[PDB]
Structures are given as structure tokens and as C-alpha cells.
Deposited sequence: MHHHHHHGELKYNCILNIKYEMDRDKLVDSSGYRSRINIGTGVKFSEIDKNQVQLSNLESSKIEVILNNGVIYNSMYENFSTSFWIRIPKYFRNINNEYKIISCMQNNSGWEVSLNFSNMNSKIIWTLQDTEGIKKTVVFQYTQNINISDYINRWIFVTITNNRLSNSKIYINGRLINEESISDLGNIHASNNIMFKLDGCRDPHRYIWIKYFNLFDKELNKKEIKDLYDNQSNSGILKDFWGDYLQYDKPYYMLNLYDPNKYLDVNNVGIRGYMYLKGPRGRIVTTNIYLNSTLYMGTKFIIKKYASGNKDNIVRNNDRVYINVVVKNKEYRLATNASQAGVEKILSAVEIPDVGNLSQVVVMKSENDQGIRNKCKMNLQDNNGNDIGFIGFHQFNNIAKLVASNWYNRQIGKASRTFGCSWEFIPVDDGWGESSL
């Protein structure tokens, strides 16, 4: 759909990235490309000569035009910058004889930038920029998967959409003929920092200007909404430790008062800060008590957490794992949660239904499969204790805001460095 003229997608039969658009453009993958073992569409391009992908376009879809509209879309994940770049570097190039289109990255004045450049055969350039600050407590963008869509209307504007939403437009109507290349080079080109890399997936080209609705539907269809995601946007997994971010108070972190059914877990603050003047100023994410999601009812062989999976939650306390559990017979709607010894869980409630996209992800069950409530928090004499509460289940269908039950799961990731765990 959408006049797609290139659709880079992993194919099991040939066991490689191929063009699935129907035009059979050849995809040459360098030896220095790395792939995710969990999602084989995710590819990592590092700052090495062999870490490159080259597309040899079907000769009928090469762009050589003054008036034809075209669009591109892709997902990208860019590590946090710890050093000034001021050093714009290419990542996706379709240029010949100084004409064509190009995606480049830069980091300047605490802003990470994604730059779209068009250049016509008279040498006239137009650029459109998406940028985001590194001076921010918790970013929607730093080191997290971003869905990018760039549309080009030769009569008027080039537009950048980010996660399905128009965020910038620049006039391109004065550009003349644009004669782009026979091939597309995916490769960090001109980057002076040897540690830089990117992750990318699902690169597409379209020979029209996509509209708002097509882009939102593209964002949704490529989102894999049946699979829960961690904070970085990767697949949520079993047997993987996660730090917990509560979106209703993000400046707090999780702690355990004591283990055992008489103890409780609670949110304390403030979150720390990781700071270097004129480079970054962020809240620390690798803090507090870790959760590990454990398989219960799911029979899938793989370690991917899916919508409506029934799981156990283990809690890590001084390098030892306990079970998140509660006695559903305690008084009140709010059931205070405990970290109990795994052999001693007995008949305490412990089964959690995981829910993908609000963002309330954990619905605790009793052993009749009845809802005890989403896991959130509640104030008990100025202590914000962790609770399962059916108040959430009655409420999150009424409004569309953040609730105390809205969480993100944060694993340690190479693209986000901190001193303390």
C-alpha cells in the first residue's frame, strides 16, 4: 500500500534483509552489521567501514524529478551523546554528483539532531531538522526507538513526522531537478567518534506524499502492538532485570522496607541526576528495586512478554529474588504488596496479567482469576506504598491520563551510561 517502492524487511527463507516491495531491489549487507537475536529486523550500524548496508535500486524507481512527490519512513534508536560532536555525519545517503537526498545526524548545544537534506542539480540545498534536548529529566527520545516519516511535496514543503505526529515543515518549492543515486548507502559516514552507532529498522520509500492518516496507520502497524515494550522500545522479555519508572511520579524510585508478608515496597525520592554542564542533565534511571518477569501460564518457547500473558513478578533484594505477592483478604481496596520468600508464597495472590498499550501494565489476579487490581501506589501515613487496587480498573476506562499504575520497565542498555546501579 501507499505506493511503496522499497520495503526492507527480514525474510526467514533467505535469512537476510530483502526488499519486499515487489521491485526486488538488491540488499547487500556488510560483514560489520550486527543484528538483534530477538528482533531480526533491528540492525546496528557501528563506526566501522564494514558496518554498512547498500541498496541497489530497481532502475525504474530511481528518483530523478522536479515535480514528483516522495516519502521515506524508518525507525531509529540513537545512543545518548556524552561528547560534543559538532561534526554532522551522514547515516543514509542517496546522492550522486551533489544531487539527491541524505539523512544525517549531529549533536550540538545539548541537542541531538536528525537532519533531512535535499539538493538539486543546480547545487541548491534545503534542510529540515528534528531535534531533542539532553537537558530534560526523562526524554521521550534519548536512546529510545523513534518512528521517523519524511514527506516531500515539490509544490510546497518537506515535512518531518515523529511517532506519527507532524513536528516540522520547511519550504522546498524553489528546488529544481533532483537527480538522486542508483543506490542507497546506510553507513555512518564522517563520524569522528569511533564509539558511535545507531540501530535502525523497517526502512521504506514511497513515491507519493503520505498524508497524516496513512502515517499514523503506518506507525501503528509497524508498532507490533501485541508485544509489550521496555522503556527503550525493545521487546519486553522474561528473565531480564528491570528498573521501574512510575509515570505518575517519575521523580521517585522503588525501595523495599523489609522482605516478608509484614513488609512493604514503597516509592521514595528524589531520583538522582546525571549531569555534565552543556552536554546533558537527566534523571538517573538505573535506581531502586529491580523486577524480573517470570513465565507462568505462557507456553511460547521464546522469552517475549505478550499482551495478556499471565506471569509472576520476582523482586530483587540484595542480589536475591523474592516473589511479589499479597494477601487479597486484607482490609481495604488497596492491597499492600510484599516481597515474600518464593518457597513460602503458599496461596498468596501472585499471578499478574501483563497488558500492552495509559500504560497500566500489571493487573494482579487472585487464584480464582479475579482482578485484585492494577499495580500502582497509595499513600499510607505519608508513605507511598505499592498496592494492587481495583480502583484503577474501574477508572482507567473513564479518562485517558497518566495513573499511579502507569509504569515503564528499564533495563541497562549500552546507549545510556550511568555510574551507579
Regions left out of the model, expressed as runs of the deposited sequence counted from 1: 1 to 10, 368 to 373
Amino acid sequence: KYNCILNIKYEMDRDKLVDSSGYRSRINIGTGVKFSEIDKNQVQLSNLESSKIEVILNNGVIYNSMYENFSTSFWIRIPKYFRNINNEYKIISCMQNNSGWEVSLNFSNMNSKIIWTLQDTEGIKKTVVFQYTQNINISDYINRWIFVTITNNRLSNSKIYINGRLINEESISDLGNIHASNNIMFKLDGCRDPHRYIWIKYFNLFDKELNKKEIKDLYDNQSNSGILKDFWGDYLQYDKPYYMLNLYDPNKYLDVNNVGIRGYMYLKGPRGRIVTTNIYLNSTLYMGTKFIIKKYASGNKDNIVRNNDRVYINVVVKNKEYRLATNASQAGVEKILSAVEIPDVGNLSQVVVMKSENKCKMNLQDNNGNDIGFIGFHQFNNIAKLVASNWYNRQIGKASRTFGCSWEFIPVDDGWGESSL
From here on, numbers count along this sequence of modelled residues.
Residue stretch of maximal mean CA temperature factor, 11 to 19 vs 402 to 410: 11 to 19
Given 137 to 145 and 347 to 355, the range whose Cα B-factors average higher in the PDB entry: 347 to 355
Residue with highest C-alpha B-factor in the PDB entry, from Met66, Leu48, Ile53, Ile375: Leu48
Residue of maximum C-alpha B factor among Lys318, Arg273, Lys159, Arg77, per deposited coordinates: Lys318
Third of the chain's Cα B-factor distribution that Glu102 belongs to, per the entry: lowest
Third of the chain, ranked by Cα B-factor, where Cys4 sits: middle
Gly164 - Cα temperature factor, lowest/middle/highest third of chain: middle
B-factor third for the C-alpha atom of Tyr266 within its chain: middle
Chain-relative CA temperature factor third for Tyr89: middle
